[PDB]
Amino acid sequence: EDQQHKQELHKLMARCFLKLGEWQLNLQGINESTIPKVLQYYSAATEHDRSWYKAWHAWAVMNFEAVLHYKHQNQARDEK
């Protein structure tokens, strides 16, 4: 009978998932633990509310950011 009770709880958790790692980013600084969990939450959020936009911008960029992190991690490698 209720999808809606849970339905937008996703949309709610979407932000919640979105916030956490994103918030952790405003907390942690950033590292290799961020990358999975942030991608976790967002990819999770990506599941939760599929049509909830900016995680599409975020998790995408976020992976790409992680990619950049690694590529800067690489610039701690191709440097060092």
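In this analysis, Cβ positions are derived from the backbone assuming ideal geometry, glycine residues included, and neighbour counts consider all displayed protein chains. Derivation of every value follows stated rules applied to the coordinates shown; laboratory data play no part.
For (1) crowded, with 16+ Cβ neighbours inside 10 Å; (2) in contact with a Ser or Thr (Cβ under 8 Å, 6 or more places away or on another chain); (3) part of a helix (DSSP H, G or I); (4) hydrophobic (A, V, I, L, M, F, W, C), each residue gets a yes or a no:
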position: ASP2; (1), (2), (3), (4): no, no, no, no
position: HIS5; (1), (2), (3), (4): no, no, yes, no
position: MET13; (1), (2), (3), (4): yes, no, yes, yes
position: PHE17; (1), (2), (3), (4): yes, no, yes, yes
position: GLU22; (1), (2), (3), (4): yes, no, yes, no
position: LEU27; (1), (2), (3), (4): no, no, yes, yes
position: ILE35; (1), (2), (3), (4): yes, no, yes, yes
position: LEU39; (1), (2), (3), (4): yes, no, yes, yes
position: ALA44; (1), (2), (3), (4): yes, no, yes, yes
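Scanning segment 67-80 for residues that are among the basic types (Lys, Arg) and either in a helix (DSSP H, G or I) or under 21 Å from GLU8 (Cα atoms) (or both) returns a single hit, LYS71. Kindly list, by first and then second residue, each pair from a residue in segment 16-42 that is under 18 Å from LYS71 (Cβ atoms) to a residue that is aromatic (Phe, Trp, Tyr) and surrounded by fewer than 16 Cβ atoms within 10 Å (Cβ to Cβ), limited to pairs with Cβ atoms under 9 Å and residues at least 6 apart or on different chains. If the second residue must be aromatic (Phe, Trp, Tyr) and surrounded by fewer than 16 Cβ atoms within 10 Å (Cβ to Cβ), the pairs left are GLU32/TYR70; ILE35/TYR70.
On the basis of being surrounded by 13 or more Cβ atoms within 10 Å (Cβ to Cβ) and either of a type in the set (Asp, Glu) or in contact (Cβ under 8 Å) with a residue 60 or more places away in the chain (or both), does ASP78 make the cut? Considered against the rule, which asks whether it is surrounded by 13 or more Cβ atoms within 10 Å (Cβ to Cβ) and either of a type in the set (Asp, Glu) or in contact (Cβ under 8 Å) with a residue 60 or more places away in the chain (or both), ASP78 comes out as no.
The set of residues in segment 50-65 that are surrounded by 19 or more Cβ atoms within 10 Å (Cβ to Cβ) and either of a type in the set (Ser, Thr, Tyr) or part of a helix (DSSP H, G or I) (or both) comprises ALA55, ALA58, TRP59, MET62, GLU65.
Of the residues that sit in segment 38-66 and are aliphatic (A, V, I, L, M) and touching a helix residue (DSSP H, G or I) at 6+ places or on another chain (Cβ under 7 Å), which one is nearest to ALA14 (Cα to Cα)? Here the answer is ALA45.
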